[PDB]
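**Student:** below is the structure, and that's it, no one-letter string:
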């Protein structure tokens, strides 16, 4: 719900980039590690990340999909691309 | 003692997978880093992990074996398999 252009760019480029180097902020992405709260009037369920620049609260509709995307991204980036560069 | 199917799957696949990328939650596996407590009526000794999805409390019967398995897993996965893929 931050929806701020610098914040959006941060979460879109900087954080995924840092994940390539072992900086994985599970608390800011996984709903199982956050506190459920009714932050937003919009329908649905929401959770409150503790991170400063992680958004005030994030939707938890399909969070297993976010975790799956994190798994695939870690695989590809950390292992496949880096080893391909080494080769 | 969570013994919940999503939680079991999490601890069986997601956490070991993330350990490949430097996310090693020693506090949730090593009993030396946890607080001893009599959570469960079942006989034995138990400790209380601080993790949210680490189980309410874990047995500490042979925890040196858990640490040894962690050592072997780190070795194999992080070093041997990744370097084999590079080769």
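**Tutor:** Great, that's in hand. Numbering: from 1, shown residues only, chains lettered A, B, ... in the order given.

**Student:** quick one: the strands in chain A?
**Tutor:** For chain A, the strands defined by DSSP state E cover A:35-37, A:46-48, A:58-59.

**Student:** mind putting the ones you listed into JSON lines with mean neighbour count?
**Tutor:** Placement of C-beta: from N, CA and C, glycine included. Formatted as JSON lines, the strands of chain A follow (neighbours: other Cβ atoms under 10 Å in any protein chain shown):
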{"stretch": "strand A:35-37", "mean neighbour count": "12"}
{"stretch": "strand A:46-48", "mean neighbour count": "18"}
{"stretch": "strand A:58-59", "mean neighbour count": "19"}
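
**Student:** around chain B, pick out the residues from chain A.
**Tutor:** Counting by Cβ under 8 Å from any Cβ of the partner chain, the residues of chain A close to chain B are A:22, A:24, A:26, A:32-33, A:67, A:71, A:74, A:78-79, A:83, A:86-87.

**Student:** from those, keep the buried residues only.
**Tutor:** Applying a neighbour-count criterion of 16 or more other Cβ atoms under 10 Å in any protein chain shown, the buried members of the residues of chain A next to chain B are A:24, A:26, A:32-33, A:67, A:74, A:78-79.

**Student:** out of those, which sit inside helices?
**Tutor:** Cross-referencing those with the helices (criterion: DSSP state H) gives residue A:67 as the overlap.

**Student:** picking up where we left off before, wait, which of the strands of chain A is closest to residue B:5?
**Tutor:** Distances from residue B:5 to each of the strands of chain A were compared by Cβ to Cβ, and the smallest falls on strand A:35-37, at 20.2 Å.
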